[PDB]
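First up is the structure itself, then whatever we jot down about it.
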Amino acid sequence: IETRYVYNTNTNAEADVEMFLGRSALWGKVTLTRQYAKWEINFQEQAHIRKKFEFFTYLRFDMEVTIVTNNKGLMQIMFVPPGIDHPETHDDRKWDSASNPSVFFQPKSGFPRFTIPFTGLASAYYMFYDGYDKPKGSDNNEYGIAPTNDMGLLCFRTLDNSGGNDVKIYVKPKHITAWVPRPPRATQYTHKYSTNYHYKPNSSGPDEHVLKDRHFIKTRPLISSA
Amino acid sequence: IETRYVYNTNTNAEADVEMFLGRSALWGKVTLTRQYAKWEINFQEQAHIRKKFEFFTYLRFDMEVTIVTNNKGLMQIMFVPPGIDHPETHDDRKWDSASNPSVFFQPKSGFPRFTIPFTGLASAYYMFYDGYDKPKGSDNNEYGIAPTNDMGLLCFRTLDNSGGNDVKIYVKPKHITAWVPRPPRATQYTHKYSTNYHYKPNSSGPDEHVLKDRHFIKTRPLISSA
Amino acid sequence: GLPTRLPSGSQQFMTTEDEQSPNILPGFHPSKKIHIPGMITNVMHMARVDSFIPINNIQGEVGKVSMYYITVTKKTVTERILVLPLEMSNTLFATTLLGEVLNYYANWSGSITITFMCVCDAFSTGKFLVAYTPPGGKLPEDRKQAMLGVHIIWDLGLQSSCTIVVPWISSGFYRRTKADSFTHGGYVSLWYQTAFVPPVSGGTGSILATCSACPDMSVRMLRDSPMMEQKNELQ
Amino acid sequence: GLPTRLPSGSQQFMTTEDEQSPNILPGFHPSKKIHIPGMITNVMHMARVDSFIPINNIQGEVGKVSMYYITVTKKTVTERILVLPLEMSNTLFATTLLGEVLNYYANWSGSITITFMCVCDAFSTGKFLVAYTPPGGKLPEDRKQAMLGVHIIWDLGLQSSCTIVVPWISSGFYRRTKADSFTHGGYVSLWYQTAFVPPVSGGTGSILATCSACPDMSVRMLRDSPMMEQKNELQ
Amino acid sequence: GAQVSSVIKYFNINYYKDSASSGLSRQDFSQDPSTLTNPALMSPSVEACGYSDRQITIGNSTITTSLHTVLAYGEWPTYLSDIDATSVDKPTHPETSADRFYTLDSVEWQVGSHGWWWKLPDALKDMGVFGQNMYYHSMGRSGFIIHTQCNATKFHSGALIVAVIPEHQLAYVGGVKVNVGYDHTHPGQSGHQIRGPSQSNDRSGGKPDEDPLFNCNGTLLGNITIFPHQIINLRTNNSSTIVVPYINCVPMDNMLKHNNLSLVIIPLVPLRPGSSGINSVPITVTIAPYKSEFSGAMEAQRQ
Amino acid sequence: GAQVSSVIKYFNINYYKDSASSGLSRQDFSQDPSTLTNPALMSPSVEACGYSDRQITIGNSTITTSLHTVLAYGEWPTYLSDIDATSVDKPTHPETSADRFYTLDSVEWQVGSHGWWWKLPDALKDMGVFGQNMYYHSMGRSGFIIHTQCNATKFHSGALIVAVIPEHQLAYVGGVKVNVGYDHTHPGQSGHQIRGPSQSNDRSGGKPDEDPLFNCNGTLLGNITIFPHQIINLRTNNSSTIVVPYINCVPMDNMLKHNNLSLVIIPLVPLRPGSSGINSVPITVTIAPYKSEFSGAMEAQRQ
Amino acid sequence: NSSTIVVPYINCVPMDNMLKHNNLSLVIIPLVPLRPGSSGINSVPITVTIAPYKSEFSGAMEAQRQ
Amino acid sequence: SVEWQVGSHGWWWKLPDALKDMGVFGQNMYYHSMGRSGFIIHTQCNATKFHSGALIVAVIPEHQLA
């Protein structure tokens, strides 16, 4: 009913956090080898989309997930809510679930898309968390945002094998609310859920344990001559 | 809501610049050899559509791009905005972009179409530009409209190889505003971004360096006998 | 849910259709639109502008500036100086602003406007007969058969008498741009009414001619102009 | 039933489109939204915050805290202390809050704001000339050619004179973030107006510089920032 | 969806909610309905709008001739004003010191002379305090008044075409892919004498096309009448005047790199002497910067 | 469907009937139309909102300096109130006994000293009856007032950056995948002296990153100004004051496990003695818990 | 440390040549010498910055430059 | 700039003359018969609290040298 005027575009409307983060980007790639694939939902894997969320300490957003597959003939996705056991293979009895939400599609028809509202449990997502899940003396303490949530996971199977094995998960943050701004990251990520930038290039032989920053600052011959 | 009366047709409504240039024509052809293809967006390549824009010195228009492919099974297009590095191959890590807009489609479903608004940076596009980007003494001066803009480029990959390799890019100028009229071109284009008409037919051997106009004027035996 | 049907011509892609399309790059802010002199909203207004007809196009004169003018001298008996067969596909008209706007459209209507301009000295004087023979008539071959059509007497020392307006005389409502015997539009020819009298024997006149559309000119059915051809890729 | 048509761009999937989507997990109740300090609704407001420019980036100084400050001493004749070529793709600006917000966008507009801060003792005194040479000008090479552009005289013992506002002087309405000869934005250079006079001969000054956006800064056409690269998968 | 804020109505609807996602543009009406010529083209008579702005005198120099002035694109030159301008910085207006008639080197018009062209503002770069303000400023815009004057007797004959081409982009003299050199398209006040066409014309350093028929850009003469022009016929008039506003997409451009106009003078019909023995006549060009603005002051861009 | 309860209108419609199924979020208007800066960022002056709340005295301890106080995120600390709170259980307010200035061990600032950091509330865990209420309560929230004070003479030189980083997550000192130890990120009042960078820095037991340029988290200095900060320049001011509210997603967190702030002090420009012979100066930090709340009382979580 | 002086146009004539006639002089005299203190700096720069203000020109010609 | 030393007797500049090569002011001198201008002279010399000595910055109309 309501006619809801907005505008065409304003000056910096490119730059508002809704439009800045409101593009659907790839958060992970999996392969269907054995007809089964599994992906734990996170933005930690892809360094470009990870760097944009990390301008902000806290985010509250819905996400819509779009599955781009080169396979064919039929597929099932099962969103497994936290705290239970996901199907470990195709032909697993746990693919029959009265409750766990799942989505069937035929990849040649369209691209399946659904929405996962804000599950954060904390009232916002921690991009950076300075604290531990277990108390002081505890033997294994996870540091950072890893214990603070889990967004679920997506199990994939293929009922008709047919074409390629490559699944791509594109998700779009929508309805974003971002809070405490942070410096952009200056250095290439070397891990997931970890903020450490030291690369440690080698493994097997000599000249091990020399490790690199991998920063983006580059030099100039002379100040004042630029 | 509003009922917006126009007309059926008026007399010369065929000839107004909106209808004159408002047909979707082929601005370039590429081939998917290696599963990768790339096209820098320009109208300079196709002589017929180039001749129509060049009745006018300045144009301001949106463009909608329609991709006609004989390939199948899936494809990705990535619009790479200026000033960054485009993916150089399929399986290039730069096909994973939090920001660069891209469009997936399955060629057997439909023809993908999107719109690129006016990017001109100058308030209109230069069809002809009489000046240089670099100052006087500069060693390499690009003459003409080549430095004045870049409309981006379109990167193509194929996730499922399947059928043919031939991509065709049809774009339609829409919302056109054309300004300073010019004489129609009388001569066949011999280059891109260059207004020179001398053909230089040969290369390797003798009788080189004789060059042709290739104009469209043809004679008659006698004045007064026509 | 809602019973939609997809008829024939639904999943079609038509070059010439009109449809809305999603905007890649949303929120993009176009640079502001200033006031540039010379806006042209319609391409017929280019056809309205006078443009010189290559009235001398022959073996030697094509490709040079001399292709635009005819030489007239004093002659004892009338001659037929020039003939402009009226077609928009003909090199005479096709290469002008009029003719090369009209070669995008498959047929037309309205009046051509042909102006003559004599480049000579101030002491020369002349009377010319400019005659348009309607569709269906032969090319006159002598002045007494040219005068019986539309004609004007173009006199030097006026330059208000230069312009002949080719009237629209046709059976059908439109005339095909490509010359054919069915719709053919006729002939504009130039004659000596009296003479071109130079200030001194052996003097020489030089005549130019322009063509433009009249405000009632109309065109339809946009097509590929024969006036451009791409025989090899541009690189 | 209803004659719908599916045009081109119907079954498309566009990364940047805007479309509603079905909610898996219906009836899900989001946890309540409390008041967290520091909400940021737009990413240009990060560009507004001062951030130190790595004005000393050379072979040895890169990768250390000393990359942010320049050493000034007392000199008999004016020298060119520093040059900040104005580009948002350049390591000087690209690594700040300004430049690294603007490297997501393919071009920009508005004024840069450059503040200088001298770290020395309270007894030192100095006069500096901060000059912005507009687009199209050469880098000055001497102070008499630097003074003829935009300039401010930055005097110690005020710290109201530190900030120079790089004006927006451009032909086009927007300037490309990636440096090119067509849109290039010019040069901010630092000179000795008079001298840096220490309290004792052999004294040493140390100069820092910040950059932030002015409220009329604008950006458009979001893209992939060159400021991040993933060369191997994160595990 | 969205909408926006023999006769067929239609509901204006943006299905995709945006401008520029919309389809092609027609001419709307609010209520039912129930154009042929553009005077801006066709080069009006400068009385065809108004003559109050004009005996022609700009800035301490006088022209006495002004119903036969052609007003290019029917627009009178004017300052950038505001709201069409990019920078807020106040431009400089030199007015009567740099807005004045600058007469250039005369050129013999002979038998066989193919033509001449001058690039603007370039021709004026060394002329007076206009040519000083080019170098000391980043940007600038100017309108011009071109007065072309060629006088012969009643015995002479022949015609010129005096045309002003916005953004006249020269073709390279032939063959391979080369940009014409910065120096050959910036000749100075002397302009460029068109010496071609020939197969023997030199090809080096990006030299411009020498063929007058194709306008050096590959488009015929006789269609050159679409630009602002006058035809000087020695049987009728000896002189010409053209008033061009500032044509460009940008409010202000460099003026050293970008030449936004060209003054082309083509001997459409050759020069024939009569009983007189005079084989050649001078053609003189007088350019007046008008409503010129400069901004972005710096050190002289002069090398 | 559903709906819900250059200018383009649109009919607001949820095709799928739900929120969060809706598309991206724009800025609505009820009628036709016809922002540039955020003062909350940029660290206001605590007079830039109001000074009535402030000579600075909390809870029996006095600071005499307060226009130069920076109010972090332009928000004044305040109790959790209601309606933003999870538990209905009434929190404890210690007020003036546990809300007071606690001065920590001074640290020599030398030539070559790379920096220092303190985690909060952690630094205060042994301090007074604030540090007692941490252990005896499940949860808690507090705002802090950080007063950093370093005095040298007019002969000395050099500058510090005093910044407060919400959720400052340290990087492990290098190489393989390890979580920094609970003990190394909870140093107590002594904080952590940044001794690096070097290739020789010890890697064991999850020790934190020693590199001050990358903020130990991998983000440059000089962008550290996006957080609430002050720059102490020995030419200008000797001291600093920062008022932080309680920043967190949760109304109350543990305070033993989660450190929701970090006080980082970086010698941006080194310390150079003048004619004076003093090579090092103490830096002193004084932290005041402010508007602190505790709930979920239990046995002391102390080991 | 500094000085500022705002001079109008002083002359009998409304406008003079400006090449031949210098209608002002800026004189800077070290009234008391420069003595360094405990510092070792024996000399200090003096800088002069002149702004033409409310300038008018008339009688345009070819540059009088030689 | 000019070094101010021990024993430096003084300096003078003639106006408009000092500006004759400066910018588009110094261009308008040559291309015009006449002209008038007011000036703003900003003289700036900075030393420390240890230094000493004084300058006289004066503007003399029609300063005719001997």
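Lettering and numbering for the structure tokens are positional, with chains as A, B, ... in the shown order, residues counted from 1 in each chain, and ligands counted from 1 in the shown order.
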Contacts of residue 29 (chain H) within 10 Å, only C-alpha atoms, excl. fewer than 4 positions in-chain, as JSON, numbers by chain | {"G": [17, 18, 19, 56, 57, 58, 60, 63, 64, 65], "H": [16, 17, 19, 20, 21, 24, 25, 33, 34, 35, 36]}
Go ahead and dump the residues you just picked, N, CA, C and O atoms, as a PDB file, in the first residue's frame.
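What follows is the written file selection.pdb:
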ATOM      1  N   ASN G  17      53.556  54.080 -14.118  1.00  0.00           N
ATOM      2  CA  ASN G  17      54.000  53.067 -15.073  1.00  0.00           C
ATOM      3  C   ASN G  17      54.209  51.707 -14.411  1.00  0.00           C
ATOM      4  O   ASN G  17      53.864  50.671 -14.995  1.00  0.00           O
ATOM      5  N   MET G  18      54.775  51.692 -13.201  1.00  0.00           N
ATOM      6  CA  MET G  18      55.211  50.511 -12.450  1.00  0.00           C
ATOM      7  C   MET G  18      56.521  49.903 -12.925  1.00  0.00           C
ATOM      8  O   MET G  18      57.168  49.180 -12.166  1.00  0.00           O
ATOM      9  N   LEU G  19      56.933  50.166 -14.156  1.00  0.00           N
ATOM     10  CA  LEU G  19      58.292  49.789 -14.507  1.00  0.00           C
ATOM     11  C   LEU G  19      59.293  50.876 -14.159  1.00  0.00           C
ATOM     12  O   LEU G  19      60.364  50.583 -13.625  1.00  0.00           O
ATOM     13  N   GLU G  56      45.118  47.443 -10.098  1.00  0.00           N
ATOM     14  CA  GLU G  56      44.398  47.869 -11.286  1.00  0.00           C
ATOM     15  C   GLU G  56      45.381  48.150 -12.397  1.00  0.00           C
ATOM     16  O   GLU G  56      46.424  48.756 -12.165  1.00  0.00           O
ATOM     17  N   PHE G  57      45.031  47.747 -13.607  1.00  0.00           N
ATOM     18  CA  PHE G  57      45.888  47.959 -14.757  1.00  0.00           C
ATOM     19  C   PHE G  57      45.071  48.525 -15.902  1.00  0.00           C
ATOM     20  O   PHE G  57      43.909  48.162 -16.084  1.00  0.00           O
ATOM     21  N   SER G  58      45.680  49.425 -16.662  1.00  0.00           N
ATOM     22  CA  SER G  58      45.010  50.046 -17.788  1.00  0.00           C
ATOM     23  C   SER G  58      46.050  50.431 -18.821  1.00  0.00           C
ATOM     24  O   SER G  58      47.241  50.498 -18.527  1.00  0.00           O
ATOM     25  N   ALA G  60      46.487  48.747 -22.030  1.00  0.00           N
ATOM     26  CA  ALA G  60      47.111  47.515 -22.492  1.00  0.00           C
ATOM     27  C   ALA G  60      47.877  47.728 -23.793  1.00  0.00           C
ATOM     28  O   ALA G  60      47.437  48.463 -24.679  1.00  0.00           O
ATOM     29  N   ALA G  63      54.022  43.728 -24.567  1.00  0.00           N
ATOM     30  CA  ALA G  63      54.826  43.655 -23.360  1.00  0.00           C
ATOM     31  C   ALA G  63      55.992  44.617 -23.453  1.00  0.00           C
ATOM     32  O   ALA G  63      56.806  44.533 -24.376  1.00  0.00           O
ATOM     33  N   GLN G  64      56.077  45.523 -22.479  1.00  0.00           N
ATOM     34  CA  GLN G  64      57.170  46.477 -22.381  1.00  0.00           C
ATOM     35  C   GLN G  64      58.493  45.782 -22.147  1.00  0.00           C
ATOM     36  O   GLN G  64      59.540  46.432 -22.183  1.00  0.00           O
ATOM     37  N   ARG G  65      58.453  44.481 -21.896  1.00  0.00           N
ATOM     38  CA  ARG G  65      59.645  43.670 -21.748  1.00  0.00           C
ATOM     39  C   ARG G  65      60.563  43.865 -22.945  1.00  0.00           C
ATOM     40  O   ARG G  65      60.114  43.899 -24.090  1.00  0.00           O
TER      41      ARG G  65
ATOM     42  N   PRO H  16      56.562  48.376  -6.961  1.00  0.00           N
ATOM     43  CA  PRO H  16      56.191  47.012  -7.346  1.00  0.00           C
ATOM     44  C   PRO H  16      57.343  46.151  -7.844  1.00  0.00           C
ATOM     45  O   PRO H  16      57.179  44.948  -7.956  1.00  0.00           O
ATOM     46  N   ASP H  17      58.492  46.765  -8.100  1.00  0.00           N
ATOM     47  CA  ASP H  17      59.625  46.144  -8.775  1.00  0.00           C
ATOM     48  C   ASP H  17      59.930  44.729  -8.310  1.00  0.00           C
ATOM     49  O   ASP H  17      60.192  43.855  -9.136  1.00  0.00           O
ATOM     50  N   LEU H  19      58.177  42.439  -7.507  1.00  0.00           N
ATOM     51  CA  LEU H  19      57.184  41.499  -7.989  1.00  0.00           C
ATOM     52  C   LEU H  19      57.154  41.396  -9.504  1.00  0.00           C
ATOM     53  O   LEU H  19      56.249  40.764 -10.046  1.00  0.00           O
ATOM     54  N   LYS H  20      58.097  42.024 -10.202  1.00  0.00           N
ATOM     55  CA  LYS H  20      57.974  42.145 -11.650  1.00  0.00           C
ATOM     56  C   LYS H  20      58.041  40.801 -12.355  1.00  0.00           C
ATOM     57  O   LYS H  20      57.457  40.647 -13.429  1.00  0.00           O
ATOM     58  N   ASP H  21      58.768  39.834 -11.811  1.00  0.00           N
ATOM     59  CA  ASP H  21      58.812  38.496 -12.382  1.00  0.00           C
ATOM     60  C   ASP H  21      57.880  37.517 -11.689  1.00  0.00           C
ATOM     61  O   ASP H  21      57.907  36.328 -12.010  1.00  0.00           O
ATOM     62  N   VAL H  24      51.247  36.211 -12.376  1.00  0.00           N
ATOM     63  CA  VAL H  24      50.476  37.035 -13.303  1.00  0.00           C
ATOM     64  C   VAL H  24      50.293  38.454 -12.807  1.00  0.00           C
ATOM     65  O   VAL H  24      49.601  39.243 -13.460  1.00  0.00           O
ATOM     66  N   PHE H  25      50.851  38.802 -11.654  1.00  0.00           N
ATOM     67  CA  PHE H  25      51.031  40.215 -11.364  1.00  0.00           C
ATOM     68  C   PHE H  25      52.179  40.765 -12.189  1.00  0.00           C
ATOM     69  O   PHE H  25      52.030  41.764 -12.897  1.00  0.00           O
ATOM     70  N   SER H  33      50.093  49.935 -19.787  1.00  0.00           N
ATOM     71  CA  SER H  33      50.754  51.227 -19.679  1.00  0.00           C
ATOM     72  C   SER H  33      50.973  51.594 -18.230  1.00  0.00           C
ATOM     73  O   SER H  33      52.084  51.932 -17.814  1.00  0.00           O
ATOM     74  N   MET H  34      49.910  51.537 -17.451  1.00  0.00           N
ATOM     75  CA  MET H  34      49.852  52.110 -16.130  1.00  0.00           C
ATOM     76  C   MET H  34      49.397  51.043 -15.157  1.00  0.00           C
ATOM     77  O   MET H  34      49.080  49.918 -15.539  1.00  0.00           O
ATOM     78  N   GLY H  35      49.349  51.407 -13.892  1.00  0.00           N
ATOM     79  CA  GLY H  35      48.785  50.526 -12.914  1.00  0.00           C
ATOM     80  C   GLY H  35      48.926  51.118 -11.536  1.00  0.00           C
ATOM     81  O   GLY H  35      49.786  51.963 -11.282  1.00  0.00           O
ATOM     82  N   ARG H  36      48.074  50.638 -10.643  1.00  0.00           N
ATOM     83  CA  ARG H  36      48.142  50.985  -9.241  1.00  0.00           C
ATOM     84  C   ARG H  36      47.831  49.749  -8.428  1.00  0.00           C
ATOM     85  O   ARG H  36      47.046  48.901  -8.843  1.00  0.00           O
TER      86      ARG H  36
END
Give me, as a tab-separated table, each residue of chain F that comes within 6 Å of chain D, together with its shortest interatomic pair and the distance in Å at one decimal, counting only C-alpha atoms, with rows ordered by chain and rising residue number.
residue	atom	partner	partner_atom	distance
F:21	CA	D:21	CA	5.1
F:22	CA	D:20	CA	4.9
F:23	CA	D:20	CA	4.5
F:36	CA	D:215	CA	5.4
F:37	CA	D:45	CA	5.9
F:42	CA	D:49	CA	5.7
F:73	CA	D:38	CA	5.1
F:84	CA	D:34	CA	5.1
F:154	CA	D:122	CA	5.1
F:155	CA	D:121	CA	5.5
F:156	CA	D:121	CA	5.6
F:157	CA	D:121	CA	4.8
F:158	CA	D:119	CA	5.8
F:213	CA	D:65	CA	5.6
F:222	CA	D:52	CA	4.3
F:223	CA	D:51	CA	5.2
F:225	CA	D:51	CA	5.9
F:235	CA	D:122	CA	4.7
F:247	CA	D:37	CA	5.9
Create the file for the chosen residues now, containing N, CA and C atoms and written as a compact mmCIF listing (two decimals), in the first residue's frame.
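Below you can see again.txt, which holds the result:
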# COMPACT_ATOMS: atom_id res chain seq x y z
N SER F 21 13.13 -11.83 5.16
CA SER F 21 13.00 -12.23 3.77
C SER F 21 13.05 -11.03 2.86
N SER F 22 12.90 -9.84 3.42
CA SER F 22 12.89 -8.62 2.65
C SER F 22 14.25 -8.39 2.02
N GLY F 23 14.28 -7.54 1.01
CA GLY F 23 15.50 -7.23 0.31
C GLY F 23 16.38 -6.32 1.13
N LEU F 36 27.16 14.26 6.69
CA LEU F 36 28.50 14.17 6.14
C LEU F 36 29.53 13.69 7.15
N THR F 37 29.36 14.03 8.43
CA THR F 37 30.31 13.68 9.47
C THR F 37 29.60 12.94 10.60
N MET F 42 35.79 10.19 15.77
CA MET F 42 36.62 11.39 15.85
C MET F 42 36.87 11.82 17.29
N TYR F 73 33.51 7.60 21.61
CA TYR F 73 32.28 7.35 20.86
C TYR F 73 31.16 8.28 21.30
N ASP F 84 17.44 -3.04 28.01
CA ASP F 84 18.63 -3.51 27.33
C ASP F 84 19.29 -4.67 28.07
N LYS F 154 60.86 21.33 29.11
CA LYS F 154 60.83 21.97 27.81
C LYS F 154 62.02 21.60 26.95
N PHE F 155 63.03 20.96 27.52
CA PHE F 155 64.16 20.50 26.73
C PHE F 155 63.92 19.14 26.09
N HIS F 156 62.99 18.35 26.62
CA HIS F 156 62.75 17.02 26.08
C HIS F 156 61.84 17.09 24.87
N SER F 157 61.63 15.93 24.26
CA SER F 157 60.99 15.84 22.96
C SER F 157 60.42 14.44 22.82
N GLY F 158 59.55 14.27 21.84
CA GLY F 158 58.97 12.98 21.60
C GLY F 158 57.50 12.94 21.96
N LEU F 213 54.18 -1.69 15.20
CA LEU F 213 53.69 -1.04 13.98
C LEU F 213 52.38 -1.64 13.51
N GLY F 222 48.92 4.62 12.98
CA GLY F 222 48.49 5.74 12.21
C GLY F 222 47.08 5.59 11.72
N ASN F 223 46.60 4.36 11.60
CA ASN F 223 45.18 4.07 11.52
C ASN F 223 44.62 3.77 12.89
N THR F 225 44.18 5.80 15.00
CA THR F 225 43.43 6.98 15.36
C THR F 225 41.93 6.81 15.19
N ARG F 235 56.03 18.72 23.69
CA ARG F 235 56.09 20.14 23.42
C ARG F 235 54.82 20.85 23.84
N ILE F 247 31.53 -0.90 26.07
CA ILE F 247 31.36 -1.38 24.70
C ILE F 247 31.37 -2.90 24.74
Kindly determine which residues of chain A lie within 10 Å of chain B, considering only C-alpha atoms, and give the answer as an MDAnalysis selection string.
-> chainID A and resid 20:28 46:52 68:72 107:111 163:164 166 170:172
Step one, run DSSP on the backbone; step two, keep only residues of region 118-152 of chain C assigned to alpha helix (DSSP H); then write them as a ChimeraX atom specification.
-> /C:143-146
Chain G residues near chain D (10 Å cut-off, only C-alpha atoms) as a list in words | residues 1, 36, 37, 38, 39, 40, 41, 42, 43, 44, 45, 46, 47, 48 and 49 of chain G
Run DSSP on the backbone and grab whatever in region 26-223 of chain B lands in strand (DSSP E or B); send it over as JSON, numbers by chain.
-> {"B": [26, 27, 28, 29, 30, 31, 36, 37, 38, 39, 40, 56, 58, 59, 60, 61, 62, 63, 64, 65, 66, 67, 68, 69, 75, 76, 77, 78, 79, 80, 102, 103, 104, 105, 113, 114, 115, 116, 125, 126, 132, 143, 153, 154, 155, 156, 157, 166, 167, 168, 169, 170, 171, 172, 173, 174, 175, 176, 177, 178, 181, 187, 215]}
Could you please tell me, as a PDB file with N, CA, C and O atoms, in the first residue's frame, which residues of chain E have an atom within 12 Å of chain A when using only C-alpha atoms?
ATOM      1  N   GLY E   1       5.504  -2.209  -7.743  1.00  0.00           N
ATOM      2  CA  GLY E   1       6.923  -2.112  -8.031  1.00  0.00           C
ATOM      3  C   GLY E   1       7.575  -0.849  -7.507  1.00  0.00           C
ATOM      4  O   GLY E   1       7.937  -0.771  -6.341  1.00  0.00           O
ATOM      5  N   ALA E   2       7.745   0.139  -8.383  1.00  0.00           N
ATOM      6  CA  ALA E   2       8.351   1.404  -7.987  1.00  0.00           C
ATOM      7  C   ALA E   2       7.554   2.612  -8.455  1.00  0.00           C
ATOM      8  O   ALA E   2       7.060   3.384  -7.636  1.00  0.00           O
ATOM      9  N   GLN E   3       7.402   2.760  -9.763  1.00  0.00           N
ATOM     10  CA  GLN E   3       7.029   4.011 -10.452  1.00  0.00           C
ATOM     11  C   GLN E   3       8.184   5.004 -10.274  1.00  0.00           C
ATOM     12  O   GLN E   3       9.351   4.596 -10.370  1.00  0.00           O
ATOM     13  N   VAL E   4       7.907   6.281 -10.000  1.00  0.00           N
ATOM     14  CA  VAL E   4       8.887   7.364 -10.009  1.00  0.00           C
ATOM     15  C   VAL E   4       8.117   8.664  -9.810  1.00  0.00           C
ATOM     16  O   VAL E   4       6.901   8.713 -10.030  1.00  0.00           O
ATOM     17  N   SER E   5       8.807   9.731  -9.424  1.00  0.00           N
ATOM     18  CA  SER E   5       8.168  11.032  -9.290  1.00  0.00           C
ATOM     19  C   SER E   5       8.769  12.020 -10.277  1.00  0.00           C
ATOM     20  O   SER E   5       8.183  12.307 -11.320  1.00  0.00           O
ATOM     21  N   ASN E  14       8.633   1.359 -12.647  1.00  0.00           N
ATOM     22  CA  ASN E  14       9.942   0.725 -12.605  1.00  0.00           C
ATOM     23  C   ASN E  14       9.777  -0.598 -11.877  1.00  0.00           C
ATOM     24  O   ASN E  14       9.511  -0.621 -10.677  1.00  0.00           O
ATOM     25  N   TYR E  16      12.238  -3.070 -11.661  1.00  0.00           N
ATOM     26  CA  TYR E  16      13.422  -2.872 -10.849  1.00  0.00           C
ATOM     27  C   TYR E  16      13.348  -1.469 -10.290  1.00  0.00           C
ATOM     28  O   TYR E  16      13.083  -0.522 -11.031  1.00  0.00           O
ATOM     29  N   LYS E  17      13.577  -1.311  -8.998  1.00  0.00           N
ATOM     30  CA  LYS E  17      13.318  -0.013  -8.395  1.00  0.00           C
ATOM     31  C   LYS E  17      14.606   0.777  -8.527  1.00  0.00           C
ATOM     32  O   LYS E  17      15.530   0.622  -7.728  1.00  0.00           O
ATOM     33  N   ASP E  18      14.633   1.668  -9.515  1.00  0.00           N
ATOM     34  CA  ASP E  18      15.789   2.488  -9.833  1.00  0.00           C
ATOM     35  C   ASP E  18      15.501   3.266 -11.108  1.00  0.00           C
ATOM     36  O   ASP E  18      14.701   2.829 -11.938  1.00  0.00           O
ATOM     37  N   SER E  19      16.165   4.396 -11.293  1.00  0.00           N
ATOM     38  CA  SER E  19      16.310   4.971 -12.614  1.00  0.00           C
ATOM     39  C   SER E  19      17.447   4.257 -13.330  1.00  0.00           C
ATOM     40  O   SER E  19      18.256   3.569 -12.711  1.00  0.00           O
ATOM     41  N   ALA E  20      17.463   4.368 -14.654  1.00  0.00           N
ATOM     42  CA  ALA E  20      18.511   3.771 -15.478  1.00  0.00           C
ATOM     43  C   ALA E  20      18.328   2.268 -15.584  1.00  0.00           C
ATOM     44  O   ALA E  20      18.895   1.637 -16.476  1.00  0.00           O
ATOM     45  N   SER E  21      17.532   1.682 -14.699  1.00  0.00           N
ATOM     46  CA  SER E  21      16.967   0.375 -14.979  1.00  0.00           C
ATOM     47  C   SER E  21      15.745   0.494 -15.860  1.00  0.00           C
ATOM     48  O   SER E  21      15.306  -0.503 -16.432  1.00  0.00           O
ATOM     49  N   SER E  22      15.203   1.696 -15.980  1.00  0.00           N
ATOM     50  CA  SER E  22      14.010   1.932 -16.760  1.00  0.00           C
ATOM     51  C   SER E  22      14.291   1.678 -18.230  1.00  0.00           C
ATOM     52  O   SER E  22      15.438   1.633 -18.674  1.00  0.00           O
TER      53      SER E  22
END
Neighbours of chain C in chain B at 7 Å, counting only C-alpha atoms, as a VMD selection string = chain B and resid 11 to 12 14 to 17 23 to 24 45 47 to 48 101 110 113 to 116 118 to 119 121 123 178 to 180 188 190 to 192 216 to 226
